[PDB]
$ cat my_file08.txt   # compact mmCIF, N, CA and C atoms
# COMPACT_ATOMS: atom_id res chain seq x y z
N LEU A 1 0.85 -1.21 0.00
CA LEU A 1 0.00 0.00 0.00
C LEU A 1 0.88 1.25 0.00
N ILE A 2 0.25 2.42 -0.15
CA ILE A 2 0.97 3.69 -0.18
C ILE A 2 1.28 4.10 1.27
N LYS A 3 1.92 5.27 1.45
CA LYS A 3 2.28 5.76 2.78
C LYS A 3 1.05 6.28 3.52
N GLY A 4 0.16 5.35 3.87
CA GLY A 4 -1.06 5.66 4.60
C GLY A 4 -1.97 6.59 3.80
N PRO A 5 -3.13 6.95 4.37
CA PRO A 5 -4.08 7.85 3.75
C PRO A 5 -3.60 9.30 3.91
N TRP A 6 -2.47 9.60 3.25
CA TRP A 6 -1.84 10.92 3.28
C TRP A 6 -1.34 11.27 4.69
N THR A 7 -0.27 12.08 4.75
CA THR A 7 0.32 12.50 6.02
C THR A 7 0.72 13.97 5.91
N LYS A 8 0.85 14.65 7.06
CA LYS A 8 1.22 16.06 7.08
C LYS A 8 2.54 16.27 6.33
N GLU A 9 3.47 15.33 6.47
CA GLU A 9 4.77 15.41 5.81
C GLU A 9 4.58 15.41 4.30
N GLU A 10 3.78 14.46 3.79
CA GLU A 10 3.53 14.34 2.37
C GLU A 10 2.80 15.59 1.87
N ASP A 11 1.80 16.05 2.62
CA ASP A 11 1.03 17.23 2.27
C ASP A 11 1.95 18.45 2.20
N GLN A 12 2.88 18.57 3.15
CA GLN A 12 3.81 19.69 3.18
C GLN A 12 4.56 19.80 1.85
N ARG A 13 4.92 18.65 1.26
CA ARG A 13 5.62 18.63 -0.01
C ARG A 13 4.70 19.16 -1.10
N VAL A 14 3.45 18.66 -1.16
CA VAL A 14 2.49 19.10 -2.16
C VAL A 14 2.31 20.61 -2.09
N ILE A 15 2.12 21.15 -0.88
CA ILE A 15 1.94 22.58 -0.68
C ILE A 15 3.06 23.35 -1.37
N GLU A 16 4.32 22.99 -1.08
CA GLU A 16 5.47 23.67 -1.65
C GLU A 16 5.50 23.49 -3.17
N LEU A 17 5.34 22.25 -3.64
CA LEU A 17 5.39 21.96 -5.07
C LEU A 17 4.32 22.75 -5.82
N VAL A 18 3.14 22.94 -5.22
CA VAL A 18 2.06 23.70 -5.84
C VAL A 18 2.46 25.18 -5.87
N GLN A 19 3.03 25.67 -4.76
CA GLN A 19 3.49 27.05 -4.67
C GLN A 19 4.58 27.30 -5.72
N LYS A 20 5.44 26.30 -5.94
CA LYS A 20 6.55 26.39 -6.87
C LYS A 20 6.05 26.37 -8.32
N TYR A 21 5.33 25.30 -8.69
CA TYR A 21 4.82 25.14 -10.05
C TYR A 21 3.44 25.77 -10.18
N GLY A 22 2.43 25.13 -9.58
CA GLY A 22 1.06 25.61 -9.63
C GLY A 22 0.11 24.46 -9.30
N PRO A 23 -1.21 24.73 -9.25
CA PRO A 23 -2.22 23.72 -8.96
C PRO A 23 -2.44 22.79 -10.16
N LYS A 24 -1.39 22.56 -10.96
CA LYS A 24 -1.45 21.71 -12.14
C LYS A 24 -0.16 20.88 -12.20
N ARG A 25 0.14 20.30 -13.37
CA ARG A 25 1.34 19.49 -13.55
C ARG A 25 1.41 18.41 -12.47
N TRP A 26 0.31 17.69 -12.28
CA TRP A 26 0.22 16.64 -11.28
C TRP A 26 1.19 15.51 -11.60
N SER A 27 1.61 15.40 -12.87
CA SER A 27 2.59 14.40 -13.27
C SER A 27 3.94 14.76 -12.64
N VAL A 28 4.30 16.05 -12.68
CA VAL A 28 5.55 16.54 -12.11
C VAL A 28 5.52 16.36 -10.60
N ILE A 29 4.42 16.78 -9.96
CA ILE A 29 4.27 16.66 -8.52
C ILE A 29 4.37 15.19 -8.11
N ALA A 30 3.66 14.30 -8.83
CA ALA A 30 3.69 12.87 -8.55
C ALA A 30 5.11 12.33 -8.71
N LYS A 31 5.83 12.83 -9.73
CA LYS A 31 7.21 12.41 -9.99
C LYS A 31 8.07 12.59 -8.73
N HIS A 32 7.78 13.62 -7.94
CA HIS A 32 8.53 13.91 -6.74
C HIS A 32 7.99 13.07 -5.59
N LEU A 33 6.65 12.98 -5.49
CA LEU A 33 6.02 12.17 -4.46
C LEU A 33 6.01 10.71 -4.91
N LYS A 34 7.20 10.09 -4.91
CA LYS A 34 7.36 8.70 -5.31
C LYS A 34 6.54 7.79 -4.40
N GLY A 35 5.33 7.45 -4.84
CA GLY A 35 4.42 6.61 -4.08
C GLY A 35 2.99 6.91 -4.50
N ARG A 36 2.66 8.21 -4.60
CA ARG A 36 1.34 8.65 -5.02
C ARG A 36 1.35 8.85 -6.54
N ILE A 37 0.18 9.10 -7.12
CA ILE A 37 0.06 9.34 -8.55
C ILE A 37 -0.85 10.55 -8.80
N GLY A 38 -0.91 10.99 -10.06
CA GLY A 38 -1.65 12.18 -10.47
C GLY A 38 -3.03 12.30 -9.81
N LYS A 39 -3.78 11.19 -9.73
CA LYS A 39 -5.13 11.22 -9.18
C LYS A 39 -5.08 11.64 -7.71
N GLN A 40 -4.29 10.93 -6.91
CA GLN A 40 -4.17 11.21 -5.49
C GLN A 40 -3.71 12.64 -5.27
N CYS A 41 -2.62 13.05 -5.93
CA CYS A 41 -2.07 14.39 -5.79
C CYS A 41 -3.16 15.44 -6.08
N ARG A 42 -3.86 15.28 -7.21
CA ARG A 42 -4.92 16.21 -7.59
C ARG A 42 -6.02 16.23 -6.53
N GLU A 43 -6.55 15.05 -6.20
CA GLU A 43 -7.63 14.92 -5.24
C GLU A 43 -7.28 15.62 -3.93
N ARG A 44 -6.15 15.24 -3.32
CA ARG A 44 -5.72 15.82 -2.05
C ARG A 44 -5.87 17.34 -2.06
N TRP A 45 -5.49 17.97 -3.18
CA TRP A 45 -5.53 19.41 -3.29
C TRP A 45 -6.95 19.91 -3.56
N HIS A 46 -7.62 19.38 -4.59
CA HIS A 46 -8.95 19.84 -4.98
C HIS A 46 -10.05 19.33 -4.03
N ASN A 47 -9.71 19.13 -2.74
CA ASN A 47 -10.69 18.73 -1.73
C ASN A 47 -10.57 19.65 -0.54
N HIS A 48 -9.52 19.45 0.25
CA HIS A 48 -9.29 20.24 1.46
C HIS A 48 -8.25 21.34 1.22
N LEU A 49 -7.01 20.96 0.90
CA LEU A 49 -5.93 21.93 0.70
C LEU A 49 -6.12 22.66 -0.62
N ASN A 50 -6.92 23.73 -0.63
CA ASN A 50 -7.13 24.51 -1.84
C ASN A 50 -7.11 26.01 -1.53
N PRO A 51 -5.96 26.54 -1.06
CA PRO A 51 -5.81 27.96 -0.80
C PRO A 51 -5.86 28.73 -2.12
N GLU A 52 -5.39 28.09 -3.20
CA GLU A 52 -5.36 28.69 -4.53
C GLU A 52 -6.76 29.13 -4.93
$ encode --input "my_file08.txt" --output "C-alpha cells"
Amino acid sequence: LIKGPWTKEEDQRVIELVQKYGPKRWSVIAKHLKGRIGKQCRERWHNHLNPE
C-alpha cells in the first residue's frame, strides 16, 4: 500500500510543489512524491488543501 491515507509530511511537499509550479502538472508533482500518482495528488488538493 501507499504511505497511509496521506500524512502532514507528504502534504507539506504538495503545498510547496504547488506554490513552486502551480495547482497543475500533477505528473511533475507525482514524480517527486514517489508513491502517489496524479489522481491522489490532484484529489488531495482539490478537496481540502485549496488555498489557490
$ residues_around --input "my_file08.txt" --residues "residue 3 (chain A)" --least-positions-apart "4" --cutoff "12 Å" --atoms "only C-alpha atoms" --output "MDAnalysis selection string"
chainID A and resid 7:11 33:36 40
$ atom_distance --input "my_file08.txt" --atom1 "atom N of residue 38 (chain A)" --atom2 "atom N of residue 52 (chain A)"
19.0 Å
$ residues_near_point --input "my_file08.txt" --point "(-4.2, 25.4, -10.5)" --cutoff "12 Å" --atoms "only C-alpha atoms" --output "JSON list (two decimals) with N, CA and C atoms, in the coordinates of the input"
[["chain", "number", "residue", "atom", "x", "y", "z"],
["A", 15, "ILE", "N", 2.12, 21.15, -0.88],
["A", 15, "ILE", "CA", 1.94, 22.58, -0.68],
["A", 15, "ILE", "C", 3.06, 23.35, -1.37],
["A", 17, "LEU", "N", 5.34, 22.25, -3.64],
["A", 17, "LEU", "CA", 5.39, 21.96, -5.07],
["A", 17, "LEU", "C", 4.32, 22.75, -5.82],
["A", 18, "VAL", "N", 3.14, 22.94, -5.22],
["A", 18, "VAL", "CA", 2.06, 23.70, -5.84],
["A", 18, "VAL", "C", 2.46, 25.18, -5.87],
["A", 19, "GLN", "N", 3.03, 25.67, -4.76],
["A", 19, "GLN", "CA", 3.49, 27.05, -4.67],
["A", 19, "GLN", "C", 4.58, 27.30, -5.72],
["A", 20, "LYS", "N", 5.44, 26.30, -5.94],
["A", 20, "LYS", "CA", 6.55, 26.39, -6.87],
["A", 20, "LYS", "C", 6.05, 26.37, -8.32],
["A", 21, "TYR", "N", 5.33, 25.30, -8.69],
["A", 21, "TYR", "CA", 4.82, 25.14, -10.05],
["A", 21, "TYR", "C", 3.44, 25.77, -10.18],
["A", 22, "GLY", "N", 2.43, 25.13, -9.58],
["A", 22, "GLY", "CA", 1.06, 25.61, -9.63],
["A", 22, "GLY", "C", 0.11, 24.46, -9.30],
["A", 23, "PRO", "N", -1.21, 24.73, -9.25],
["A", 23, "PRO", "CA", -2.22, 23.72, -8.96],
["A", 23, "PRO", "C", -2.44, 22.79, -10.16],
["A", 24, "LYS", "N", -1.39, 22.56, -10.96],
["A", 24, "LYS", "CA", -1.45, 21.71, -12.14],
["A", 24, "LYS", "C", -0.16, 20.88, -12.20],
["A", 25, "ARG", "N", 0.14, 20.30, -13.37],
["A", 25, "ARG", "CA", 1.34, 19.49, -13.55],
["A", 25, "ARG", "C", 1.41, 18.41, -12.47],
["A", 26, "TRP", "N", 0.31, 17.69, -12.28],
["A", 26, "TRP", "CA", 0.22, 16.64, -11.28],
["A", 26, "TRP", "C", 1.19, 15.51, -11.60],
["A", 42, "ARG", "N", -3.86, 15.28, -7.21],
["A", 42, "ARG", "CA", -4.92, 16.21, -7.59],
["A", 42, "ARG", "C", -6.02, 16.23, -6.53],
["A", 45, "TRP", "N", -5.49, 17.97, -3.18],
["A", 45, "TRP", "CA", -5.53, 19.41, -3.29],
["A", 45, "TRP", "C", -6.95, 19.91, -3.56],
["A", 46, "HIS", "N", -7.62, 19.38, -4.59],
["A", 46, "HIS", "CA", -8.95, 19.84, -4.98],
["A", 46, "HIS", "C", -10.05, 19.33, -4.03],
["A", 49, "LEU", "N", -7.01, 20.96, 0.90],
["A", 49, "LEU", "CA", -5.93, 21.93, 0.70],
["A", 49, "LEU", "C", -6.12, 22.66, -0.62],
["A", 50, "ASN", "N", -6.92, 23.73, -0.63],
["A", 50, "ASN", "CA", -7.13, 24.51, -1.84],
["A", 50, "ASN", "C", -7.11, 26.01, -1.53],
["A", 51, "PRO", "N", -5.96, 26.54, -1.06],
["A", 51, "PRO", "CA", -5.81, 27.96, -0.80],
["A", 51, "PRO", "C", -5.86, 28.73, -2.12],
["A", 52, "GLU", "N", -5.39, 28.09, -3.20],
["A", 52, "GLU", "CA", -5.36, 28.69, -4.53],
["A", 52, "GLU", "C", -6.76, 29.13, -4.93]]
$ axis_aligned_box --input "my_file08.txt" --around "region 9-28 of chain A" --padding-each-side "8 Å" --output "lines of an AutoDock Vina configuration file"
center_x = 2.1
center_y = 20.8
center_z = -3.5
size_x = 25.0
size_y = 29.0
size_z = 36.0
$ select_by_dssp --input "my_file08.txt" --residues "chain A" --states "alpha helix (DSSP H)" --output "list in words"
residues 8, 9, 10, 11, 12, 13, 14, 15, 16, 17, 18, 19, 20, 26, 27, 28, 29, 30, 31, 32, 38, 39, 40, 41, 42, 43, 44 and 45 of chain A
